[PDB]
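The chain below stands alone and is given in structure tokens; this is the form deposited in one PDB entry.
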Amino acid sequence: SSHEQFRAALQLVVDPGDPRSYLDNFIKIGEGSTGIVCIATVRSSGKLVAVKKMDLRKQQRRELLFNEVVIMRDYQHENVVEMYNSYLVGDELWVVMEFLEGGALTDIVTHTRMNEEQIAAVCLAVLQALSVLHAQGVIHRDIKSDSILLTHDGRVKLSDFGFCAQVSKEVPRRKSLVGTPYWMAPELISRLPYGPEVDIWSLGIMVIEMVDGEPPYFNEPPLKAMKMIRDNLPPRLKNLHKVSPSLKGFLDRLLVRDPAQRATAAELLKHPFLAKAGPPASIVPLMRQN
């Protein structure tokens, strides 16, 4: 479809106006696959917000931009990034949301070592959001540490909904190849129909991230790693001696090769590993204070 068709379709989902009329002090802070992320100040209030800016022309699959708006429009939740408004600015989609000042989880996993209290806090938050989203039928499809945002007081929120799909009683499975390689479930790689089970697989890879510091097969080129995930028996931990049988059994319920035997989010919410889950105050001493 032509650029003006997608532009018009966006003009019907987004809010009217030019947000440049009330945002100043833009500070680039990162890139995603979909665009860039800035800090800005609101002149009306002094409050800081994050603004995600996505170029319509620079988009492989333009139709995924609707997700950037629709998820956070309909899925307010204590463990989900909260959106305020979305706007169409020239040929860029802009999404204005809260500023989560504790950065992404990736900064913590590559630069510190988390205890099981902290791992459990992150997994509890992610699972709560995933059970709300899976219930009403949404698949995130890009679960990883880069998609997890924190605050100075250890609140954990799920982000980067650019890649979501929605499954229904009509179309129940889902066939497209999206997500980050090393974190992809194997049924997704061999390109069979899949459901929310993929998020659960990817959460398991995130746990390896929190334990070993990187996902399985991170040494290899992407394509090798994917075929590895399809052929191999599942990935065998490095720091296995640091992990309790609690975490070990949890993780074993995450990385089941067959998605029918793999635990649902709402099943994992009751696993005893999550009892270890420290409060928000437990994820303060590992951002930028060590």
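Note that residue numbering begins at 1 and tracks the sequence as displayed. Only residues modelled in both forms are compared. Each form is matched to the other, and the largest set of C-alpha atoms that superpose within 1.5 Å is called the rigid core.
Keep in mind the form solved in complex with a partner chain is missing from the figure; the text below concerns it.
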Please pick out the stretch from 92-100, 211-219, 124-132, 74-82 that is in contact with its partner chain in the entry with it bound, where contact means heavy atoms within 4.5 Å. 211-219
Hey, in the entry with it bound, is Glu116 touching its partner chain, heavy atoms inside 4.5 Å? no
With the partner left out of view, is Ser33 within 4.5 angstroms of its partner chain in the entry with it bound by any non-hydrogen atom? yes
Can you tell me if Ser145 lies within 4.5 angstroms of its partner chain in the entry with it bound, counting non-hydrogen atoms only? yes
Do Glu63 and its partner chain come within 4.5 Å of each other in the entry with it bound, heavy atoms counted? yes
Every residue in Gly179, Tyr182 and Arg191 with a non-hydrogen atom within 4.5 Å of its partner chain in the entry with it bound? yes
Out of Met226, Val70, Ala263, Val243, which one falls within 4.5 Å of its partner chain in the entry with it bound, going by heavy atoms? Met226
Where does the protein shift between the shown form and the other one, taking runs of 3+ residues with every CA moved 2 Å or more once the core is matched? 70-72
